[PDB]
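Peer 1: Quick one, my_file_28.tsv (TSV, N, CA and C atoms and all ligand atoms):
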chain	number	residue	atom	x	y	z
A	1	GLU	N	7.56	6.84	1.04
A	1	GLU	CA	6.68	5.91	1.74
A	1	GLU	C	6.15	6.49	3.06
A	2	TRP	N	7.02	7.15	3.82
A	2	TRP	CA	6.64	7.70	5.12
A	2	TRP	C	5.68	8.86	4.95
A	3	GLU	N	6.04	9.75	4.02
A	3	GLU	CA	5.21	10.92	3.75
A	3	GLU	C	3.86	10.52	3.21
A	4	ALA	N	3.84	9.46	2.40
A	4	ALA	CA	2.58	8.91	1.87
A	4	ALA	C	1.68	8.44	3.00
A	5	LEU	N	2.26	7.73	3.97
A	5	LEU	CA	1.51	7.29	5.15
A	5	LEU	C	0.92	8.47	5.94
A	6	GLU	N	1.71	9.52	6.10
A	6	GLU	CA	1.24	10.72	6.80
A	6	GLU	C	0.08	11.38	6.10
A	7	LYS	N	0.12	11.42	4.78
A	7	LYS	CA	-0.98	12.03	4.02
A	7	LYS	C	-2.23	11.17	4.16
A	8	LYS	N	-2.06	9.84	4.19
A	8	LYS	CA	-3.18	8.93	4.42
A	8	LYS	C	-3.77	9.09	5.81
A	9	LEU	N	-2.91	9.31	6.80
A	9	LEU	CA	-3.37	9.52	8.18
A	9	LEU	C	-4.17	10.82	8.26
A	10	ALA	N	-3.68	11.86	7.59
A	10	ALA	CA	-4.40	13.13	7.49
A	10	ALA	C	-5.79	12.95	6.89
A	11	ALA	N	-5.89	12.18	5.82
A	11	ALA	CA	-7.17	11.88	5.20
A	11	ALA	C	-8.11	11.20	6.19
A	12	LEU	N	-7.57	10.23	6.92
A	12	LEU	CA	-8.36	9.46	7.87
A	12	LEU	C	-8.85	10.34	9.01
A	13	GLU	N	-8.02	11.30	9.43
A	13	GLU	CA	-8.41	12.21	10.50
A	13	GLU	C	-9.62	13.03	10.06
A	14	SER	N	-9.61	13.48	8.81
A	14	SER	CA	-10.75	14.22	8.24
A	14	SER	C	-12.02	13.39	8.19
A	15	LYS	N	-11.88	12.14	7.75
A	15	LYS	CA	-13.00	11.21	7.71
A	15	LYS	C	-13.51	10.95	9.13
A	16	UNK	N	-12.56	10.78	10.03
A	16	UNK	CA	-12.78	10.72	11.48
A	16	UNK	C	-13.80	11.76	11.94
A	17	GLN	N	-13.47	13.01	11.62
A	17	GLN	CA	-14.28	14.16	12.04
A	17	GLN	C	-15.63	14.12	11.37
A	18	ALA	N	-15.63	13.77	10.08
A	18	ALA	CA	-16.86	13.76	9.28
A	18	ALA	C	-17.87	12.78	9.87
A	19	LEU	N	-17.42	11.59	10.22
A	19	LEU	CA	-18.30	10.57	10.80
A	19	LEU	C	-18.78	10.94	12.19
A	20	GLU	N	-17.91	11.54	12.99
A	20	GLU	CA	-18.31	11.99	14.32
A	20	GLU	C	-19.49	12.96	14.21
A	21	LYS	N	-19.39	13.91	13.29
A	21	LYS	CA	-20.42	14.92	13.15
A	21	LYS	C	-21.73	14.29	12.62
A	22	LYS	N	-21.60	13.39	11.66
A	22	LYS	CA	-22.78	12.71	11.12
A	22	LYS	C	-23.48	11.89	12.16
A	23	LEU	N	-22.71	11.19	13.00
A	23	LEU	CA	-23.33	10.41	14.06
A	23	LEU	C	-24.03	11.31	15.05
A	24	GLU	N	-23.46	12.47	15.32
A	24	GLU	CA	-24.14	13.46	16.20
A	24	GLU	C	-25.48	13.90	15.61
A	25	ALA	N	-25.53	14.15	14.31
A	25	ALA	CA	-26.79	14.48	13.66
A	25	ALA	C	-27.77	13.31	13.82
A	26	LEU	N	-27.32	12.10	13.50
A	26	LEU	CA	-28.24	10.96	13.49
A	26	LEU	C	-28.81	10.64	14.86
A	27	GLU	N	-27.97	10.82	15.87
A	27	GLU	CA	-28.37	10.70	17.29
A	27	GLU	C	-29.57	11.58	17.62
A	28	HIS	N	-29.69	12.72	16.94
A	28	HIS	CA	-30.71	13.69	17.25
A	28	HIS	C	-31.81	13.71	16.19
A	29	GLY	N	-31.86	12.63	15.41
A	29	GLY	CA	-32.93	12.39	14.46
A	29	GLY	C	-32.52	12.52	13.01
B	1	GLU	N	8.41	-2.33	13.42
B	1	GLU	CA	7.70	-1.10	13.75
B	1	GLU	C	6.94	-0.50	12.57
B	2	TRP	N	7.58	-0.48	11.41
B	2	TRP	CA	6.99	0.11	10.20
B	2	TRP	C	5.77	-0.71	9.78
B	3	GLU	N	5.96	-2.03	9.77
B	3	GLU	CA	4.87	-2.95	9.45
B	3	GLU	C	3.67	-2.73	10.38
B	4	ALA	N	3.95	-2.58	11.67
B	4	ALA	CA	2.90	-2.43	12.66
B	4	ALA	C	2.08	-1.19	12.39
B	5	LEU	N	2.76	-0.12	12.05
B	5	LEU	CA	2.11	1.13	11.70
B	5	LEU	C	1.27	1.00	10.44
B	6	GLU	N	1.84	0.39	9.40
B	6	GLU	CA	1.08	0.20	8.16
B	6	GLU	C	-0.17	-0.63	8.38
B	7	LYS	N	-0.05	-1.69	9.17
B	7	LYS	CA	-1.17	-2.58	9.40
B	7	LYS	C	-2.23	-1.88	10.24
B	8	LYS	N	-1.80	-1.08	11.22
B	8	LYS	CA	-2.80	-0.32	11.98
B	8	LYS	C	-3.56	0.66	11.10
B	9	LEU	N	-2.85	1.36	10.22
B	9	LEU	CA	-3.50	2.28	9.27
B	9	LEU	C	-4.47	1.55	8.35
B	10	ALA	N	-4.05	0.40	7.82
B	10	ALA	CA	-4.92	-0.41	6.97
B	10	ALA	C	-6.17	-0.87	7.72
B	11	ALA	N	-6.01	-1.28	8.98
B	11	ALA	CA	-7.16	-1.69	9.79
B	11	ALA	C	-8.10	-0.53	10.04
B	12	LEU	N	-7.56	0.62	10.37
B	12	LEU	CA	-8.39	1.81	10.54
B	12	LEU	C	-9.16	2.19	9.25
B	13	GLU	N	-8.50	2.11	8.10
B	13	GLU	CA	-9.17	2.39	6.84
B	13	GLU	C	-10.35	1.42	6.63
B	14	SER	N	-10.17	0.16	7.00
B	14	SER	CA	-11.24	-0.83	6.84
B	14	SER	C	-12.40	-0.56	7.79
B	15	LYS	N	-12.07	-0.22	9.02
B	15	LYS	CA	-13.07	0.14	10.01
B	15	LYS	C	-13.81	1.38	9.55
B	16	UNK	N	-13.05	2.34	9.02
B	16	UNK	CA	-13.56	3.53	8.33
B	16	UNK	C	-14.76	3.18	7.45
B	17	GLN	N	-14.48	2.29	6.50
B	17	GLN	CA	-15.46	1.80	5.53
B	17	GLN	C	-16.63	1.03	6.15
B	18	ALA	N	-16.35	0.15	7.10
B	18	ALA	CA	-17.41	-0.65	7.72
B	18	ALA	C	-18.39	0.23	8.48
B	19	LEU	N	-17.87	1.22	9.20
B	19	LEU	CA	-18.71	2.08	10.02
B	19	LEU	C	-19.54	3.00	9.14
B	20	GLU	N	-18.96	3.51	8.07
B	20	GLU	CA	-19.72	4.36	7.14
B	20	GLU	C	-20.87	3.56	6.53
B	21	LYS	N	-20.61	2.31	6.18
B	21	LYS	CA	-21.63	1.42	5.62
B	21	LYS	C	-22.79	1.20	6.62
B	22	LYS	N	-22.45	1.01	7.88
B	22	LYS	CA	-23.47	0.81	8.91
B	22	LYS	C	-24.25	2.12	9.16
B	23	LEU	N	-23.57	3.25	9.10
B	23	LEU	CA	-24.23	4.55	9.30
B	23	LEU	C	-25.25	4.78	8.20
B	24	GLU	N	-24.85	4.44	6.99
B	24	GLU	CA	-25.74	4.60	5.82
B	24	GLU	C	-26.94	3.70	5.95
B	25	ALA	N	-26.73	2.47	6.40
B	25	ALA	CA	-27.84	1.54	6.59
B	25	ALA	C	-28.78	2.07	7.67
B	26	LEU	N	-28.23	2.65	8.74
B	26	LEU	CA	-29.10	3.17	9.81
B	26	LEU	C	-29.87	4.41	9.37
B	27	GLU	N	-29.19	5.28	8.64
B	27	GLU	CA	-29.81	6.50	8.20
B	27	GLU	C	-30.92	6.29	7.19
B	28	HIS	N	-30.69	5.40	6.24
B	28	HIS	CA	-31.58	5.24	5.09
B	28	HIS	C	-32.36	3.95	5.01
B	29	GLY	N	-31.96	2.96	5.79
B	29	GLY	CA	-32.49	1.60	5.66
B	29	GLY	C	-33.54	1.22	6.67
C	1	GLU	N	8.97	12.63	15.30
C	1	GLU	CA	8.10	12.38	14.14
C	1	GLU	C	7.34	11.04	14.29
C	2	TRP	N	8.11	10.00	14.54
C	2	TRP	CA	7.54	8.65	14.66
C	2	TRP	C	6.60	8.60	15.85
C	3	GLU	N	7.03	9.19	16.95
C	3	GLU	CA	6.31	9.11	18.20
C	3	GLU	C	4.99	9.85	18.09
C	4	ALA	N	5.01	11.00	17.41
C	4	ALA	CA	3.82	11.78	17.14
C	4	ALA	C	2.83	11.04	16.28
C	5	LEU	N	3.32	10.36	15.24
C	5	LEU	CA	2.46	9.58	14.39
C	5	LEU	C	1.81	8.44	15.17
C	6	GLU	N	2.58	7.77	16.01
C	6	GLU	CA	2.02	6.70	16.84
C	6	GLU	C	0.95	7.22	17.79
C	7	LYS	N	1.16	8.41	18.36
C	7	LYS	CA	0.14	9.03	19.23
C	7	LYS	C	-1.14	9.32	18.47
C	8	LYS	N	-0.97	9.88	17.27
C	8	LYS	CA	-2.10	10.17	16.41
C	8	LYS	C	-2.88	8.89	16.06
C	9	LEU	N	-2.17	7.81	15.76
C	9	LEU	CA	-2.85	6.56	15.42
C	9	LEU	C	-3.60	6.03	16.61
C	10	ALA	N	-3.00	6.13	17.79
C	10	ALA	CA	-3.67	5.67	19.01
C	10	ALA	C	-4.90	6.52	19.28
C	11	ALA	N	-4.83	7.83	19.03
C	11	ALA	CA	-6.02	8.67	19.24
C	11	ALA	C	-7.13	8.28	18.26
C	12	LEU	N	-6.75	8.02	17.03
C	12	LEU	CA	-7.72	7.55	16.00
C	12	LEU	C	-8.34	6.22	16.38
C	13	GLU	N	-7.53	5.30	16.91
C	13	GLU	CA	-8.07	4.02	17.38
C	13	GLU	C	-9.12	4.21	18.46
C	14	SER	N	-8.82	5.09	19.41
C	14	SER	CA	-9.74	5.38	20.50
C	14	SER	C	-11.05	5.98	19.99
C	15	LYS	N	-10.95	6.90	19.04
C	15	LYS	CA	-12.12	7.53	18.44
C	15	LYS	C	-12.88	6.47	17.63
C	16	UNK	N	-12.13	5.64	16.92
C	16	UNK	CA	-12.63	4.43	16.25
C	16	UNK	C	-13.64	3.67	17.12
C	17	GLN	N	-13.15	3.26	18.29
C	17	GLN	CA	-13.96	2.45	19.17
C	17	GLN	C	-15.13	3.26	19.74
C	18	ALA	N	-14.90	4.53	20.04
C	18	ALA	CA	-15.97	5.35	20.61
C	18	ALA	C	-17.13	5.48	19.64
C	19	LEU	N	-16.82	5.74	18.38
C	19	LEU	CA	-17.87	5.95	17.38
C	19	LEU	C	-18.54	4.61	17.02
C	20	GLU	N	-17.79	3.52	17.05
C	20	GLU	CA	-18.39	2.20	16.85
C	20	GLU	C	-19.45	1.94	17.92
C	21	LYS	N	-19.14	2.27	19.17
C	21	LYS	CA	-20.10	2.04	20.25
C	21	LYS	C	-21.30	2.97	20.13
C	22	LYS	N	-21.05	4.22	19.74
C	22	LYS	CA	-22.13	5.16	19.53
C	22	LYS	C	-23.08	4.69	18.42
C	23	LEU	N	-22.52	4.19	17.33
C	23	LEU	CA	-23.35	3.68	16.24
C	23	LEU	C	-24.18	2.52	16.72
C	24	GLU	N	-23.58	1.63	17.50
C	24	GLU	CA	-24.34	0.50	18.07
C	24	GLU	C	-25.49	0.99	18.94
C	25	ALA	N	-25.27	2.04	19.74
C	25	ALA	CA	-26.33	2.61	20.52
C	25	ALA	C	-27.48	3.06	19.63
C	26	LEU	N	-27.17	3.80	18.57
C	26	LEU	CA	-28.18	4.32	17.67
C	26	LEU	C	-28.98	3.22	17.00
C	27	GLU	N	-28.32	2.14	16.63
C	27	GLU	CA	-28.99	1.00	16.00
C	27	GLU	C	-30.05	0.38	16.90
C	28	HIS	N	-29.84	0.49	18.21
C	28	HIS	CA	-30.73	-0.10	19.19
C	28	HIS	C	-31.66	0.94	19.82
C	29	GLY	N	-31.74	2.11	19.19
C	29	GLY	CA	-32.76	3.09	19.56
C	29	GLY	C	-32.21	4.36	20.14
D	1	ZN	ZN	5.01	-0.64	2.29
D	2	ZN	ZN	6.50	13.72	8.46
D	3	ZN	ZN	9.81	16.14	4.50
D	4	ZN	ZN	-23.29	14.80	21.61
D	5	ZN	ZN	-28.11	15.78	22.59
D	6	ZN	ZN	6.89	2.28	18.38
Using the file provided, produce a representation of the structure as structure tokens.

Peer 2:
Amino acid sequence: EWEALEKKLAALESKXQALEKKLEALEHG
Amino acid sequence: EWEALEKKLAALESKXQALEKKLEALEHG
Amino acid sequence: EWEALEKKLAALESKXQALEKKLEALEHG
């Protein structure tokens, strides 16, 4: 259960980064 | 403590989804 | 281990709110 949560947090961190970069693109057109 | 962590992760996953949906609407809509 | 995971979640929450505000900015021009 704990390790599963950690893997989910890892996934979210990646999505985290993905959205940050996309918003940076959209900000600039 | 465990519950609090799980619920925070679940809330983040939902926010994950809501924000991506809004980004898509802004980009394409 | 636990303490590190809680720090990571708090960092994600903060990024959560930052990107939500950024998206709101973009929606309004
Ligand atoms: Zn559970
Ligand atoms: Zn671990
Ligand atoms: Zn292990
Ligand atoms: Zn920037
Ligand atoms: Zn710029
Ligand atoms: Zn705690």

Peer 1: Hand me chain A as it sits after a least-squares fit onto chain C over every Cα, paired in order, written as a short mmCIF file (atom, residue, chain, number, x, y, z; two decimals) with N, CA and C atoms, in the frame of the given file.

Peer 2:
data_model
loop_
_atom_site.label_atom_id
_atom_site.label_comp_id
_atom_site.auth_asym_id
_atom_site.auth_seq_id
_atom_site.Cartn_x
_atom_site.Cartn_y
_atom_site.Cartn_z
N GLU A 1 8.98 12.78 14.95
CA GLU A 1 7.95 12.68 13.92
C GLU A 1 7.24 11.32 13.94
N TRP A 2 8.01 10.24 14.10
CA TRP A 2 7.45 8.89 14.08
C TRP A 2 6.59 8.65 15.30
N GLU A 3 7.15 9.03 16.46
CA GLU A 3 6.44 8.86 17.72
C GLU A 3 5.18 9.68 17.76
N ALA A 4 5.24 10.88 17.16
CA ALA A 4 4.06 11.75 17.05
C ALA A 4 2.96 11.07 16.26
N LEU A 5 3.33 10.45 15.13
CA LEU A 5 2.37 9.69 14.32
C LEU A 5 1.72 8.54 15.11
N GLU A 6 2.53 7.83 15.88
CA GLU A 6 2.02 6.74 16.71
C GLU A 6 1.03 7.21 17.75
N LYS A 7 1.29 8.36 18.35
CA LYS A 7 0.36 8.90 19.35
C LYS A 7 -0.94 9.31 18.68
N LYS A 8 -0.85 9.85 17.45
CA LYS A 8 -2.04 10.19 16.68
C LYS A 8 -2.84 8.96 16.29
N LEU A 9 -2.15 7.88 15.96
CA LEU A 9 -2.82 6.62 15.61
C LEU A 9 -3.55 6.07 16.83
N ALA A 10 -2.89 6.14 17.99
CA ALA A 10 -3.52 5.76 19.26
C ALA A 10 -4.80 6.54 19.53
N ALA A 11 -4.76 7.85 19.31
CA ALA A 11 -5.93 8.69 19.47
C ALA A 11 -7.06 8.23 18.55
N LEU A 12 -6.70 7.95 17.30
CA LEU A 12 -7.68 7.54 16.30
C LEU A 12 -8.30 6.20 16.65
N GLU A 13 -7.50 5.30 17.23
CA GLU A 13 -8.02 4.00 17.63
C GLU A 13 -9.09 4.17 18.70
N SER A 14 -8.85 5.08 19.64
CA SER A 14 -9.83 5.40 20.69
C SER A 14 -11.12 5.97 20.12
N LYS A 15 -10.98 6.90 19.18
CA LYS A 15 -12.13 7.49 18.50
C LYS A 15 -12.88 6.41 17.72
N UNK A 16 -12.10 5.57 17.06
CA UNK A 16 -12.56 4.33 16.41
C UNK A 16 -13.59 3.59 17.27
N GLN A 17 -13.14 3.28 18.48
CA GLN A 17 -13.94 2.50 19.43
C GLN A 17 -15.16 3.28 19.85
N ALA A 18 -14.97 4.58 20.09
CA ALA A 18 -16.05 5.44 20.58
C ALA A 18 -17.19 5.48 19.57
N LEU A 19 -16.87 5.64 18.30
CA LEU A 19 -17.89 5.69 17.24
C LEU A 19 -18.58 4.35 17.04
N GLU A 20 -17.82 3.27 17.12
CA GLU A 20 -18.41 1.94 17.00
C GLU A 20 -19.50 1.75 18.06
N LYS A 21 -19.20 2.13 19.29
CA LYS A 21 -20.13 1.94 20.38
C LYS A 21 -21.37 2.85 20.21
N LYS A 22 -21.13 4.09 19.80
CA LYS A 22 -22.24 5.02 19.57
C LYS A 22 -23.15 4.54 18.47
N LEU A 23 -22.57 4.01 17.39
CA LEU A 23 -23.40 3.50 16.31
C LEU A 23 -24.20 2.31 16.78
N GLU A 24 -23.62 1.48 17.63
CA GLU A 24 -24.38 0.34 18.22
C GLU A 24 -25.58 0.84 19.03
N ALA A 25 -25.40 1.89 19.82
CA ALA A 25 -26.51 2.48 20.55
C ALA A 25 -27.57 2.98 19.55
N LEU A 26 -27.14 3.74 18.55
CA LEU A 26 -28.11 4.37 17.65
C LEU A 26 -28.91 3.37 16.84
N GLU A 27 -28.24 2.29 16.47
CA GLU A 27 -28.88 1.13 15.80
C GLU A 27 -30.07 0.60 16.59
N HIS A 28 -30.01 0.71 17.92
CA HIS A 28 -31.01 0.13 18.78
C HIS A 28 -31.92 1.20 19.38
N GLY A 29 -31.90 2.38 18.76
CA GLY A 29 -32.81 3.46 19.08
C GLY A 29 -32.15 4.64 19.78
#

Peer 1: Please identify all protein, DNA and RNA residues within 12 Å of ligand ZN 3 (chain D), counting only C-alpha atoms and all ligand atoms, and report them as a PyMOL selection string.

Peer 2: (chain A and resi 1-4+6-7) or (chain C and resi 1)

Peer 1: Have a look at atom N of residue A:5 and atom N of residue C:14 and let me know their distance in Å, one decimal.

Peer 2: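 Separation between atom N of residue A:5 and atom N of residue C:14: 19.2 Å.
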
Peer 1: Only residues of chain C matter here; which ones have an atom within 8 Å of chain B, counting only N, CA and C atoms? Give them as a list in words.

Peer 2: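 Taken together, these residues fit the definition: residues 6, 9, 12, 13, 16, 19, 20, 23, 26 and 27 of chain C.
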
Peer 1: Step by step, gather every atom of stretch 7-17 of chain C that the file lists, find the box along x, y and z that holds them, add 3 Å on each side, and finally give centre and edge lengths in Å to one decimal, as AutoDock Vina command-line options.

Peer 2:
--center_x -7.0 --center_y 6.3 --center_z 18.0 --size_x 22.3 --size_y 13.7 --size_z 11.1

Peer 1: Will you give me stretch 2-29 of chain B, written with N, CA and C atoms and laid out as a CSV table (one decimal), in the first residue's frame?

Peer 2:
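Contents of the output file selection02.csv:
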chain,number,residue,atom,x,y,z
B,2,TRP,N,-2.3,8.3,7.8
B,2,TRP,CA,-2.3,7.5,6.5
B,2,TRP,C,-3.5,8.0,5.7
B,3,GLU,N,-4.7,8.1,6.4
B,3,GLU,CA,-5.9,8.6,5.7
B,3,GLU,C,-5.6,10.0,5.1
B,4,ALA,N,-5.0,10.9,5.9
B,4,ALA,CA,-4.7,12.3,5.5
B,4,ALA,C,-3.9,12.3,4.2
B,5,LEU,N,-2.9,11.5,4.2
B,5,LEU,CA,-2.0,11.4,3.1
B,5,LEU,C,-2.8,10.9,1.8
B,6,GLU,N,-3.5,9.8,2.0
B,6,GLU,CA,-4.3,9.3,0.9
B,6,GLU,C,-5.3,10.3,0.3
B,7,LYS,N,-6.0,11.0,1.2
B,7,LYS,CA,-7.0,12.0,0.8
B,7,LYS,C,-6.3,13.1,0.1
B,8,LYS,N,-5.1,13.6,0.6
B,8,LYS,CA,-4.4,14.6,-0.1
B,8,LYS,C,-4.0,14.2,-1.5
B,9,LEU,N,-3.5,13.0,-1.7
B,9,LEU,CA,-3.1,12.5,-3.0
B,9,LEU,C,-4.3,12.4,-3.9
B,10,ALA,N,-5.4,11.9,-3.4
B,10,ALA,CA,-6.7,11.8,-4.2
B,10,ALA,C,-7.1,13.2,-4.6
B,11,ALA,N,-7.0,14.2,-3.7
B,11,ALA,CA,-7.4,15.6,-4.1
B,11,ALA,C,-6.5,16.1,-5.2
B,12,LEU,N,-5.2,15.9,-5.0
B,12,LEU,CA,-4.2,16.3,-6.0
B,12,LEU,C,-4.5,15.7,-7.4
B,13,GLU,N,-4.8,14.4,-7.4
B,13,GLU,CA,-5.2,13.7,-8.7
B,13,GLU,C,-6.4,14.4,-9.3
B,14,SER,N,-7.4,14.8,-8.5
B,14,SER,CA,-8.6,15.4,-9.1
B,14,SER,C,-8.3,16.8,-9.6
B,15,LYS,N,-7.5,17.5,-8.9
B,15,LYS,CA,-7.0,18.8,-9.3
B,15,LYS,C,-6.2,18.7,-10.6
B,16,UNK,N,-5.4,17.7,-10.6
B,16,UNK,CA,-4.6,17.2,-11.8
B,16,UNK,C,-5.5,17.3,-13.1
B,17,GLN,N,-6.6,16.5,-13.0
B,17,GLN,CA,-7.6,16.3,-14.0
B,17,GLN,C,-8.4,17.6,-14.4
B,18,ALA,N,-8.8,18.4,-13.3
B,18,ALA,CA,-9.5,19.6,-13.6
B,18,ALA,C,-8.7,20.6,-14.3
B,19,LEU,N,-7.4,20.8,-13.9
B,19,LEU,CA,-6.6,21.8,-14.5
B,19,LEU,C,-6.2,21.4,-16.0
B,20,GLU,N,-6.0,20.1,-16.2
B,20,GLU,CA,-5.7,19.7,-17.6
B,20,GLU,C,-6.9,20.0,-18.5
B,21,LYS,N,-8.1,19.7,-18.0
B,21,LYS,CA,-9.3,20.0,-18.7
B,21,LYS,C,-9.5,21.5,-19.0
B,22,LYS,N,-9.1,22.3,-18.1
B,22,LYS,CA,-9.2,23.8,-18.3
B,22,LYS,C,-8.1,24.2,-19.3
B,23,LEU,N,-6.9,23.6,-19.2
B,23,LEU,CA,-5.8,24.0,-20.2
B,23,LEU,C,-6.3,23.6,-21.6
B,24,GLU,N,-6.9,22.5,-21.7
B,24,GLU,CA,-7.3,22.0,-23.1
B,24,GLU,C,-8.4,22.9,-23.6
B,25,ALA,N,-9.3,23.4,-22.7
B,25,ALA,CA,-10.3,24.3,-23.2
B,25,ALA,C,-9.7,25.6,-23.6
B,26,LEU,N,-8.7,26.1,-22.9
B,26,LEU,CA,-8.1,27.4,-23.2
B,26,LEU,C,-7.3,27.3,-24.5
B,27,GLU,N,-6.6,26.1,-24.7
B,27,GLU,CA,-5.7,25.9,-25.8
B,27,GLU,C,-6.5,25.8,-27.1
B,28,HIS,N,-7.6,25.0,-27.0
B,28,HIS,CA,-8.4,24.6,-28.2
B,28,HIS,C,-9.7,25.2,-28.4
B,29,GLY,N,-10.3,25.8,-27.3
B,29,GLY,CA,-11.7,26.2,-27.3
B,29,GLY,C,-11.9,27.7,-27.5
